[PDB]
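A short write-up of the structure that comes next.
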Amino acid sequence: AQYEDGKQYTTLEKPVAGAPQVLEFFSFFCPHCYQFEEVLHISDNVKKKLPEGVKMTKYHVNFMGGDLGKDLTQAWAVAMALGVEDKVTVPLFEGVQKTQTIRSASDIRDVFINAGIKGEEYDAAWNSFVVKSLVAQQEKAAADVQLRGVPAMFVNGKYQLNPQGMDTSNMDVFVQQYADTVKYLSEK
């Protein structure tokens, strides 16, 4: 076939019921994730090709960067609760991997302050049990699906994207092949 199990995607031996339709995992410590977000704009190009009705979920993971890794998962929870993903994603990536100015929870906080979220609003979210459960959700989703590597994308809790099986000579072509694969899996 043109799309084949084990080539552009793999199948989960143990499907995850009730899972989000398109589910993406990343880490601000993850070098390919930096690429996926700032150079390739994967999440975005997947959206542009998804059917109508399909929601996209993106979660942070704990297994990179130890203690700060966990802080970042909580901050991503804050970002999701406040609806400011599109304002902190880039400064967080660059603060961790480009400038290396993010070294503590306080530095993570500075990124939000500079993006214009008010301190009181950030600290209140940070400490909220809405954010605790949003952290819980991120962890549970990663736990449900084997997850020991990022970037990762899952479609309907049953298929997992396999970017190693796509040509990377051309970045634009890689992205489209990726997005089309998601759309194919989506319609499956």
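Residues are named by chain letter and number: chains run A, B, ... in the order of the structure tokens, numbers start at 1 in each chain, and ligands are numbered from 1 in the order shown.
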Requested in this report: Give the helix (DSSP H, G or I) residues of chain A, as DSSP finds them on the backbone, and put them as a VMD selection string.
Outcome: chain A and resid 31 to 39 42 to 47 66 to 82 85 to 98 105 to 114 119 to 127 129 to 144 163 to 165 171 to 186
Restrict the selected residues to C-alpha atoms and save them as a short mmCIF file (atom, residue, chain, number, x, y, z; two decimals), in the first residue's frame.
```cif
data_model
loop_
_atom_site.label_atom_id
_atom_site.label_comp_id
_atom_site.auth_asym_id
_atom_site.auth_seq_id
_atom_site.Cartn_x
_atom_site.Cartn_y
_atom_site.Cartn_z
CA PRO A 31 15.81 19.13 20.46
CA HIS A 32 13.59 17.63 17.71
CA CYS A 33 10.59 19.21 19.46
CA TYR A 34 12.27 22.61 19.06
CA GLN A 35 12.59 21.86 15.35
CA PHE A 36 8.94 20.60 15.13
CA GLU A 37 7.71 23.80 16.66
CA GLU A 38 9.93 26.63 15.37
CA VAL A 39 11.32 25.37 12.06
CA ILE A 42 4.15 20.58 12.52
CA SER A 43 1.23 21.16 14.90
CA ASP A 44 0.07 23.95 12.73
CA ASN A 45 0.29 22.17 9.42
CA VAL A 46 -1.51 19.16 10.86
CA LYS A 47 -4.37 21.49 11.86
CA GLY A 66 14.54 16.26 35.84
CA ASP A 67 13.20 18.78 38.32
CA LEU A 68 12.84 21.58 35.79
CA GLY A 69 11.18 19.10 33.44
CA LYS A 70 8.38 18.73 35.97
CA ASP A 71 8.16 22.49 36.49
CA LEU A 72 7.71 22.87 32.75
CA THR A 73 4.85 20.36 32.74
CA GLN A 74 3.13 22.38 35.47
CA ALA A 75 3.79 25.64 33.52
CA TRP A 76 2.36 24.09 30.39
CA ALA A 77 -0.71 23.23 32.52
CA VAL A 78 -0.86 26.94 33.49
CA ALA A 79 -0.49 27.90 29.85
CA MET A 80 -3.41 25.59 28.89
CA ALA A 81 -5.65 26.82 31.73
CA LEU A 82 -5.00 30.49 30.84
CA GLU A 85 0.07 28.48 24.69
CA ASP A 86 0.71 30.61 21.62
CA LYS A 87 2.46 33.28 23.67
CA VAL A 88 4.86 31.21 25.76
CA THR A 89 5.74 28.28 23.51
CA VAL A 90 8.44 30.13 21.61
CA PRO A 91 10.08 31.95 24.58
CA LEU A 92 10.08 28.71 26.59
CA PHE A 93 11.82 26.75 23.82
CA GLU A 94 14.38 29.49 23.33
CA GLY A 95 14.92 30.07 27.06
CA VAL A 96 15.66 26.38 27.55
CA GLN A 97 17.57 25.54 24.34
CA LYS A 98 18.70 28.77 22.65
CA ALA A 105 10.78 27.80 38.15
CA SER A 106 11.26 31.53 38.70
CA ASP A 107 12.84 31.87 35.26
CA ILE A 108 9.90 29.99 33.74
CA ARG A 109 7.62 32.48 35.49
CA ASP A 110 9.60 35.43 33.98
CA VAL A 111 8.76 34.16 30.49
CA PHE A 112 5.03 34.44 31.27
CA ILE A 113 5.41 37.88 32.94
CA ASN A 114 7.23 39.13 29.86
CA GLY A 119 2.08 37.75 38.28
CA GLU A 120 -0.91 37.31 40.57
CA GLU A 121 -2.74 35.55 37.70
CA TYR A 122 0.19 33.23 37.03
CA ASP A 123 0.84 32.37 40.70
CA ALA A 124 -2.88 31.76 41.32
CA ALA A 125 -3.09 29.38 38.29
CA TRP A 126 0.23 27.72 39.24
CA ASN A 127 -1.22 26.82 42.64
CA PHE A 129 -6.24 22.48 41.63
CA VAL A 130 -7.51 23.04 38.10
CA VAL A 131 -3.82 23.03 37.17
CA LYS A 132 -3.06 20.01 39.39
CA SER A 133 -5.66 18.00 37.44
CA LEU A 134 -4.41 19.39 34.13
CA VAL A 135 -0.93 18.14 35.18
CA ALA A 136 -2.60 14.81 36.07
CA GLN A 137 -4.12 14.62 32.59
CA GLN A 138 -0.75 15.16 30.89
CA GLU A 139 0.83 12.46 32.97
CA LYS A 140 -2.05 10.01 32.52
CA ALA A 141 -2.02 10.39 28.72
CA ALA A 142 1.74 9.73 28.53
CA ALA A 143 1.29 6.80 30.90
CA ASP A 144 -1.51 5.27 28.79
CA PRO A 163 8.67 10.28 11.19
CA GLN A 164 11.88 8.18 10.89
CA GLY A 165 10.03 6.55 7.95
CA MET A 171 11.71 20.12 5.19
CA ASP A 172 8.52 21.32 3.46
CA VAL A 173 7.93 17.86 1.96
CA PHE A 174 8.56 16.18 5.32
CA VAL A 175 5.93 18.36 7.00
CA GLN A 176 3.28 17.71 4.31
CA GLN A 177 3.95 13.99 4.32
CA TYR A 178 3.57 14.10 8.10
CA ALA A 179 0.31 16.09 8.03
CA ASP A 180 -1.18 13.92 5.26
CA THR A 181 -0.32 10.85 7.29
CA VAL A 182 -2.20 12.30 10.25
CA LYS A 183 -5.20 13.04 7.97
CA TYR A 184 -5.06 9.47 6.57
CA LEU A 185 -4.93 7.98 10.08
CA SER A 186 -7.69 10.35 11.08
#
```
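Here CA of residue 156 in chain A and CA of residue 57 in chain A stand 11.2 Å from one another.
Taking CA of residue 187 in chain A as the reference point, CA of residue 152 in chain A is found at 19.3 Å.
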Report summary line: If you count only C-alpha atoms, the residue of A:103, A:118, A:49, A:55 closest to residue 84 in chain A turns out to be A:118
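For residue 7 in chain A, the list of residues within 9 Å, based on only C-alpha atoms and with local chain neighbours fewer than 2 positions off taken out, reads residues 3, 4, 5, 9, 10, 161, 162, 163, 164, 165 and 166 of chain A.
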Report task. From chain A, collect each residue whose DSSP state is strand (DSSP E or B) and return the set as number ranges by chain. Result -> A: 5, 9-11, 22-26, 56-60, 152-155, 159-161
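Note that the spacing between CA of residue 26 in chain A and CA of residue 59 in chain A amounts to 6.4 Å.
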